[PDB]
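Next up is one chain by itself, shown in structure tokens, the form deposited in one PDB entry.
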């Protein structure tokens, strides 16, 4: 389970018992030692933490996550619980939460379905079904509509990483040609062609289309997108583009906008820090600095507070 909260490097040989004991000492009795919880959980890998849960259950008779949900509050709680989830159940849960409440958090569904590989998505899908009873595709279908649903359902189908990934240039020039044909037709009548190309072609193929399109039309693919669609479908198409050009830049941007301007978008902040933790958080950090001047942690230092603040900082790690 290498998808939340790594140490600094990858790991090995490990007695989980002492850590399970510190967590116990920290929550036992009157008053809670939040620093100990931070020092264990944000400095062990997802796998290590899963093993700490097991020692914890056998040594003391209670489930670690439920004790966590029970002892802690606010963002701090949401963050620490988020850390405890296995890599695929975590996204499944966020996906479920998006649809379980009042309104759909479309941003959440877009972010996950578009940023994951076919095989990651496969795992999420199976994790969803086992934990929640129903099919993820059907829930998406019953909870969204229009062309948003079609791109979403297609993004579920699987061929972003199922395709051969070496570029056919006669097909790549056909695609940009088609997209470019759309511009002289009325906005709305071509949206199905955009979806098909954006969701059935590979990333390497797509990069080529973007190059041909720019050669052909004098405008970027981001502009042609804004000219043919609006709203959430636009957000979905723009997302797929950004994830194709630079997946690490997309996340950096998702993180910036969680904190940009007035207020904070904590759910966005948590999901991205936690889930990219043991994949590419060190690259996102690099892209974040380069794109916005300030470091991620520097922005964390100003927009968040308390034990929640310090856990993020410990999670993010040395941000030079």
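Residue numbers count along the first chain shown, from 1. Each form is matched to the other, and the largest set of C-alpha atoms that superpose within 1.5 Å is called the rigid core.
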item	value
Mean C-alpha temperature factor, higher of 254 to 262 and 277 to 285	254 to 262
Of 268 to 276 and 24 to 32, the stretch whose C-alpha atoms average the higher B-factor in the entry	24 to 32
Identity of residue with top Cα B-factor, from 114, 192, 83, 99	192
Per the PDB entry, maximal CA B factor within 159, 239, 245, 73	159
Position of residue 87 among the chain's modelled residues by C-alpha B-factor, lowest, middle or highest third	lowest
Chain-wide C-alpha B factor ranking for residue 292, given as lowest, middle or highest third	highest
B-factor third for the C-alpha atom of residue 1 within its chain	highest
Chain thirds of CA B-factor: placement of residue 9	highest
For residue 106, the third of its chain into which the C-alpha B factor falls	lowest
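The following text describes the form deposited in another entry, which does not appear among the structures shown.
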{"property": "Core-superposed comparison between the shown form and the other one: the option from 108, 207, 238, 163 whose CA moves 2 angstroms or more", "result": "163"}
{"property": "Is_shifted residue 78 between the shown form and the other one (CA, 2 Å cut-off, rigid core)", "result": "no"}
{"property": "After fitting the core, residue 188 CA displacement of 2 Å or more between the shown form and the other one", "result": "yes"}
